[PDB]
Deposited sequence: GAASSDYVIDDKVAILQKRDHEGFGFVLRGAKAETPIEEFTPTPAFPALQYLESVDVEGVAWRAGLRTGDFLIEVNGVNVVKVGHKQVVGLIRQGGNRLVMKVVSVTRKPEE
């Protein structure tokens, strides 16, 4: 079965920190539910500590649904908040 897990990730970084993660008509499937998934999730990093994971998709960023949005615009939405980032995500096993 597919077990979809809905999560909200609040990523709070100190000035000397990165968050520690990397990303990359669209057509869905539980396997790939959204456009922008996680490729790396540096363990013990800020991305890790808020409970994110390798393979986690991106559904909402800082309030904006990114289910059908490309890399450029989503990064610009990751950078807009500076030392803080709230992301709606979903794990599918």
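Asks: Let me make sure I understand the coverage. Which parts of the deposited sequence, in order from the N-terminal end, have no C-alpha coordinates here?
Replies: Comparing the full sequence with the modelled residues, the uncovered ranges come out as 1 to 5, 30 to 38, 108 to 112.
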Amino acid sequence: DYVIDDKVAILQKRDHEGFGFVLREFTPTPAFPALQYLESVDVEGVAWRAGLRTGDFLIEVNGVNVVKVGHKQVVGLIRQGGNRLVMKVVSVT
From here on, numbers count along this sequence of modelled residues.
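Asks: Averaging C-alpha B-factors over each stretch, which comes out higher, 25 to 33 or 61 to 69?
Replies: If you average the C-alpha B-factors of 25 to 33 and of 61 to 69, the larger mean comes out for 25 to 33.
Asks: Is the mean CA B factor in the deposited entry higher across 37 to 45 or across 51 to 59?
Replies: That would be 37 to 45.
Asks: Is the Cα B-factor recorded for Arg84 in the lowest, middle or highest third of its chain?
Replies: According to the entry, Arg84 has a C-alpha B-factor in the chain's lowest third.
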